[PDB]
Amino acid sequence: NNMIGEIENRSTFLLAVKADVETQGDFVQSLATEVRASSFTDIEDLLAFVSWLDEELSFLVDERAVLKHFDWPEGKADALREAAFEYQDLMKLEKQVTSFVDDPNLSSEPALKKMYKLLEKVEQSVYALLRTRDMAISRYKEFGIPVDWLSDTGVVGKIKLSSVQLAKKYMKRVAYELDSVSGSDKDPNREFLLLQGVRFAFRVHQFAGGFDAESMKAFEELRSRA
């Protein structure tokens, strides 16, 4: 008895697809024209375009089924969408890092774990980018899509910079916990905690490619607690 609902719905859907193909034809063609012609030099303008494109296609009952019947630049549309998504994703990431707060209500274990996961997420994102970037640039260049954001001096550079800020917060936490109570340097919990500090610092340093004065002062301050 659910099958009657199913069948009705399916029927209404197929109907709607014939409807969109027959009454929204030159609309679709208008879109395809706009997509083919499009080019950009700043990724923001592309974002605006993709936003517009999504809103427009959202008027088709189903992208796949309808566009199937038209001379539709599938490759370029997918690439536009992809670049929009990737850049937005990387930017959400840089923001999450720069504005990360280390909750004073958390004890050292969960707080440091949070920072560790954030670091792993950053590392994976950037590594994925670096391994797909050449290919992507080739493609995008062909399609008129900005690629400067993919360069070492684009978003990945920004993320690398923000990771150093993360290092600052991490060492701040380690120093703080190491001061909150007083014990001997030979307590395996305390030694371990100190080492977590140092290892995280070094991991970030190798990742980003250097520190600032402030980072450095924190690193020295830690390495002089041994």
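Note that residue numbering begins at 1 and tracks the sequence as displayed.
For the segment pair 155-163 and 183-191, the entry gives 183-191 the higher mean B-factor, averaged over Cα atoms. In this entry, the higher average B-factor at the C-alpha atoms falls on 214-222, of the pair 199-207 and 214-222.
Per the PDB record, 176 has a higher Cα B-factor than any other of 59, 52, 170, 176. Per-chain ranking of the deposited C-alpha B factor places residue 114 in the lowest third.
Among all modelled residues in its chain, residue 45 ranks in the lowest third by Cα B-factor. When all modelled residues of the chain are sorted by CA temperature factor, residue 133 is found within the middle third. Per the PDB record, residue ranking by Cα B-factor puts residue 72 in the highest third of the chain.
The PDB entry assigns residue 100 a C-alpha temperature factor belonging to the lowest third of its chain's modelled residues.
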